[PDB]
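Okay, structure first, notes after.
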There are 4 protein chains.
Amino acid sequence: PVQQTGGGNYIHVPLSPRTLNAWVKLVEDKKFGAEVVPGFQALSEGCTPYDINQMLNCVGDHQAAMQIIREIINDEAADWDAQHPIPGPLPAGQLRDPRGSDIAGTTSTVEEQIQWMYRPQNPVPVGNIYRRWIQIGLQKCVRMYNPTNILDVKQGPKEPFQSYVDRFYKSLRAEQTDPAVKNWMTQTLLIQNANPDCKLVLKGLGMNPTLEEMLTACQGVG
Amino acid sequence: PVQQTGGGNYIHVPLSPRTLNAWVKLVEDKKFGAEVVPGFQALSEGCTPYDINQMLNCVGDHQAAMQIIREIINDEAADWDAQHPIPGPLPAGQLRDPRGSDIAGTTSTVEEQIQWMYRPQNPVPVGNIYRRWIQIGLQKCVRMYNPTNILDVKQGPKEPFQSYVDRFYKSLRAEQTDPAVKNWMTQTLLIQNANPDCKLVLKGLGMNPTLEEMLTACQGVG
Amino acid sequence: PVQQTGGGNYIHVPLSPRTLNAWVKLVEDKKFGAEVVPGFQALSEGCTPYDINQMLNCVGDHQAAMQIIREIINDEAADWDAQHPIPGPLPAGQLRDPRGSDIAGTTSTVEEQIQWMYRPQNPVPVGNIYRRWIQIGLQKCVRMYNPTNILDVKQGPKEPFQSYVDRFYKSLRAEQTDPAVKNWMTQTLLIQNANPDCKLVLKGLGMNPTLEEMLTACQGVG
Amino acid sequence: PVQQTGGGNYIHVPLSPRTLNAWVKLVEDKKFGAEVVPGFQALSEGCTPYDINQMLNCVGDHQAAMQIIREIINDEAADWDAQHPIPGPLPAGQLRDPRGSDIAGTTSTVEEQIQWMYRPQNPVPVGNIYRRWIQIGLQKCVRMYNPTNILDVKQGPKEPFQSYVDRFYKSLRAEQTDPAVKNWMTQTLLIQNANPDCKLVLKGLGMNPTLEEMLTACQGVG
Ligand SMILES: O=P(O)(O)O[C@H]1[C@H](OP(=O)(O)O)[C@@H](OP(=O)(O)O)[C@H](OP(=O)(O)O)[C@@H](OP(=O)(O)O)[C@H]1OP(=O)(O)O
Ligand SMILES: O=P(O)(O)O[C@H]1[C@H](OP(=O)(O)O)[C@@H](OP(=O)(O)O)[C@H](OP(=O)(O)O)[C@@H](OP(=O)(O)O)[C@H]1OP(=O)(O)O
């Protein structure tokens, strides 16, 4: 992370060992589950690219997922090296502008990452861009390791409607389908895959029942 | 959060990553359960509106609940923009007074939030007002996702009276009913929905038995 | 319909009784089924609005569907009376420009409909605009009377994969859902709702199998 | 279609609505079955490319099959734009020669299609070339939707030999296999997949029995 010091300059404070150990624990227990994507973001907040590399280096043993996060990073960096091209011959005595690889931290020092992150002129938020690239990689890992598909989720005959709602929305988090497909699933598939009685109360509510109206109506049905 | 520095001025210290990661964990495990409302308050204590937005941004994937917390915030801000109207033409060189949107932090910088929070003259506690608005939103989410209704809760034939009391009061926390309805439930419904024997001992106690007297009397009955 | 005669002018030839009787038969046998929408278009080709009214008048007894086709026509005419407003004071000795009601034929003679349909200057195709409005009305009737929902369709244990494909696509024709939802259903729901064996061969094909590849692979499976 | 008028010139008479409605019915009932290919040819006889487009536009809802007929048309037009290249700079006051797209009618007026179809010099039969391209597309649709494969067809123990012959030849119509494979199937597979008794009478006939000899011999066997 970065702390400001007297003179208006900034320095690097290494991520706490227990901040790194929390990340490890999460990846070892949730197995790249939907929750890992937000868990990574909260534990990587205010981090330079250098620190994000260490967090990944602490969870490298999960090689399959790391290979997926690594192929997504290279592509989001290539797109940065195509749409943010070298401006031209950089003047001497000046830091080069960041390339996709600098945003990652692989070809750049943490100080360079800090100089960009806090440029008085055109600050480049290299830490947040790289966290966004890794979140695309982790979300692809959440989908690949997702244990139950949205379609398979079906309310148990006795299962309370809210727990069936809880499992239905958790699988939808993994789904990478178009947002309209997500809206049609929450409005059509969720009434389609409910136990016989809850299905009669939901159809009873009428057309386009909101989730609050559906949860309120099926509370204690079954 | 806010730390005071030499000169009598205040600065902003970003919420710790592990303070943010605790919030995520809670929302991912308690599923907007009654406990989330107090858990949010303890982890948002001494926060500017800016920080409260980040905590919410770390739990955005729970879109249904976030939509409910977001509709409650807009209404508590509209009521602030009606009962705390722009005083009139603000003098130049002065910070504008906060509007419902400034209390949220959406249309305002953290420094402005800090200047109000610590105004030498008429300090506006924007952080606490916004936490109160979100607590109304989370409490509506606790009620919507509540799995068991107060009425359905019924003591098991062998269930110890205290565990039946524990489940009865946990559902009452979710209930948004008038306080008198809450007092009549704790004094009438709790004796009505007890296993046959405990019901005879409670009626034996007499009229208006206190909870302590009821727990003491039914200890070891069944 | 319209025939051209010597002098460069056009006249009206009444729709054949057996062209009208075919329409009746279809509506009496397919019961506003998906097939009725194309059947109407083929039997209403080259028709003035006047003729389209008679076809509808021959199937008026189906009052519920006619009320739906009539509410859709009034709205598509109101939108025409808002986006194609009276240009201004029409000069004397000239036919007024068509309004939503003229496109229908209700407030206009067939000759006026023909004069517009074949205007040397800015011909307005009133017959085709009204056929399009009625097709929106019939398609809403196809959806309302659709007997099986896309989701319910599930391949029989012995049913050949192609017949299950035939029923799956016929229900999709009735579906008015967004096109992406239609693409996700044909690529995901169609493999999800197949009998156990065909489901194993389809997953065997790999990711994004085309319909031809799926029909070829499951031919004779079961 | 095209009618000749006084002066030696030709004009276009729009395909009858009931000629178009027959086509619709067939495609809606035979589901792109082998019979659709001949049914299309008889109902498209003496048609300009313009009319053939309308027939297809009346059966567009069958999107999967239409996509197959559309990919076959583009390829048969590309082959026409490669083997029948623009002759060179066309003289002014003259109709351009037809390209694959003109044969389809997509980039050409019906009058141009008629001028070519009835050129006094080098008439190009654009209507028949496009019908041939669509027949390749429909035949691919017959094969894709074919419900029973030639190999699977096996005479029922009681099924009369002629009905088994009827099903065997109907599946062979769908088969796109080399003609020799078609001759070997009709001479070997048809005796191989007959019920035990008919198989003994057919082997009894001797080597290379004609279909007439086989039908005559197995009449009333079983
Ligand atoms: O809530 P606490 O009583 O303070 O316990 C905390 C809590 O762990 P648990 O709540 O799951 O028991 C911390 O996690 P937070 O909820 O505060 O975010 C965790 O710190 P981590 O972020 O690293 O997980 C820390 O565990 P540890 O000390 O192993 O780092 C642990 O403190 P104690 O276990 O010492 O009570
Ligand atoms: O194919 P055909 O031998 O000419 O029979 C036709 C055919 O009806 P069917 O094919 O269903 O038996 C006509 O329909 P098309 O397929 O030609 O479009 C139909 O005319 P409609 O369009 O009005 O249905 C007409 O029936 P009808 O004479 O009652 O009008 C009928 O002719 P026949 O029944 O006299 O043989």
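Chain labels run A, B, ... following the order of the structure tokens; each chain numbers its residues from 1, and ligands are numbered from 1 in the order shown.
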Q: Dump the neighbourhood of ligand 1 as a count of residues only: all residues within 6 Å, distances computed on only C-alpha atoms and all ligand atoms.
A: 7
Q.
Show me, as a ChimeraX atom specification, the residues that have an atom within 9 Å of residue A:167 when counting only C-alpha atoms, minus same-chain residues fewer than 4 positions from it.
A. /A:148,150,153-155,162-163,171-172
Within 9 Å of stretch 187-190 of chain B, counting only C-alpha atoms, which residues qualify if same-chain residues fewer than 2 places away don't, as a PDB file with C-alpha atoms, in the first residue's frame?
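So the final result, stored in result37.pdb, reads:
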ATOM      1  CA  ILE B 150     -42.840 -15.121  14.449  1.00  0.00           C
ATOM      2  CA  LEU B 151     -46.240 -16.965  14.292  1.00  0.00           C
ATOM      3  CA  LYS B 154     -43.578 -23.305  17.893  1.00  0.00           C
ATOM      4  CA  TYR B 164     -37.794 -21.898  21.782  1.00  0.00           C
ATOM      5  CA  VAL B 165     -37.445 -18.395  23.431  1.00  0.00           C
ATOM      6  CA  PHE B 168     -39.106 -16.671  19.046  1.00  0.00           C
ATOM      7  CA  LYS B 182     -44.310  -6.746  19.652  1.00  0.00           C
ATOM      8  CA  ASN B 183     -45.253  -6.447  23.385  1.00  0.00           C
ATOM      9  CA  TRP B 184     -48.492  -8.521  22.907  1.00  0.00           C
ATOM     10  CA  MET B 185     -46.561 -11.273  20.977  1.00  0.00           C
ATOM     11  CA  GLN B 192     -49.588 -19.730  23.138  1.00  0.00           C
ATOM     12  CA  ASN B 193     -46.906 -21.492  20.986  1.00  0.00           C
ATOM     13  CA  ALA B 194     -45.122 -23.519  23.754  1.00  0.00           C
ATOM     14  CA  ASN B 208     -48.115 -11.016  33.023  1.00  0.00           C
ATOM     15  CA  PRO B 209     -45.172 -13.342  33.909  1.00  0.00           C
ATOM     16  CA  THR B 210     -41.800 -11.589  33.065  1.00  0.00           C
ATOM     17  CA  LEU B 211     -39.422 -13.459  30.655  1.00  0.00           C
TER      18      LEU B 211
END
Q.
Just to confirm, what's the straight-line distance from atom CA of residue C:108 to atom CA of residue C:50 in Å (one decimal)?
A. 8.6 Å
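Contacts from chain D to chain C at a cut-off of 7 Å (only C-alpha atoms) map to residues 17, 18, 20, 21, 24, 28, 58, 144, 145, 147 and 148 of chain D.
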For those residues, write C-alpha atoms to a file as a PDB file, in the first residue's frame.
ATOM      1  CA  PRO D  17     -52.123 -15.392 -52.246  1.00  0.00           C
ATOM      2  CA  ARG D  18     -53.421 -19.030 -52.170  1.00  0.00           C
ATOM      3  CA  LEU D  20     -48.259 -18.544 -51.311  1.00  0.00           C
ATOM      4  CA  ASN D  21     -50.605 -19.963 -48.589  1.00  0.00           C
ATOM      5  CA  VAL D  24     -46.813 -21.922 -45.980  1.00  0.00           C
ATOM      6  CA  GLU D  28     -45.868 -25.900 -41.419  1.00  0.00           C
ATOM      7  CA  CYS D  58     -43.717 -16.246 -45.813  1.00  0.00           C
ATOM      8  CA  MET D 144     -30.907 -32.326 -40.963  1.00  0.00           C
ATOM      9  CA  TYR D 145     -34.563 -32.908 -39.817  1.00  0.00           C
ATOM     10  CA  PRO D 147     -36.313 -38.483 -38.203  1.00  0.00           C
ATOM     11  CA  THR D 148     -35.163 -42.079 -39.130  1.00  0.00           C
TER      12      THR D 148
END
(Q) For residue C:52, find every residue with an atom within 9 Å (counting only C-alpha atoms), except residues of its own chain fewer than 3 positions away, and show them as a PyMOL selection string. (A) chain C and resi 44+47-49+55-57+104-105+127+130-131
Q) Which residue gives the smallest distance to residue A:124 among A:98, A:109, A:137, A:93, with only C-alpha atoms counted? A)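 Once distances to residue A:124 are computed over only C-alpha atoms, the minimum belongs to A:98.
Going from atom CA of residue A:200 over to atom CA of residue A:218, you cover 9.9 Å.
The space separating atom CA of residue D:157 from atom CA of residue D:221 comes to 10.2 Å.
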Q: Report the residues of stretch 32-195 of chain C whose backbone DSSP state falls under alpha helix (DSSP H), written as a ChimeraX atom specification.
A: /C:36-43,49-58,63-83,100-104,110-117,126-145,161-174,179-184,190-192
Q | DSSP-assigned strand (DSSP E or B) members of chain C, reported as a ChimeraX atom specification | A | /C:2-4,10-12
Q: Would you list the contacts of residue A:70 as a PyMOL selection string, taking every protein, DNA or RNA residue within 9 Å and counting only C-alpha atoms, but skipping same-chain residues closer than 4 positions in sequence?
A: chain A and resi 65-66+74-75+134+137
Same residues, C-alpha atoms, saved as a PDB file, in the first residue's frame:
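The result, written out as part.pdb:
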ATOM      1  CA  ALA A  65      -7.066 -21.064 -11.747  1.00  0.00           C
ATOM      2  CA  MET A  66      -3.769 -19.061 -11.793  1.00  0.00           C
ATOM      3  CA  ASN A  74      -2.099 -10.730 -20.735  1.00  0.00           C
ATOM      4  CA  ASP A  75      -5.172  -9.968 -22.934  1.00  0.00           C
ATOM      5  CA  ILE A 134      -7.770 -10.103 -11.995  1.00  0.00           C
ATOM      6  CA  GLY A 137      -9.857 -13.781 -14.217  1.00  0.00           C
TER       7      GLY A 137
END
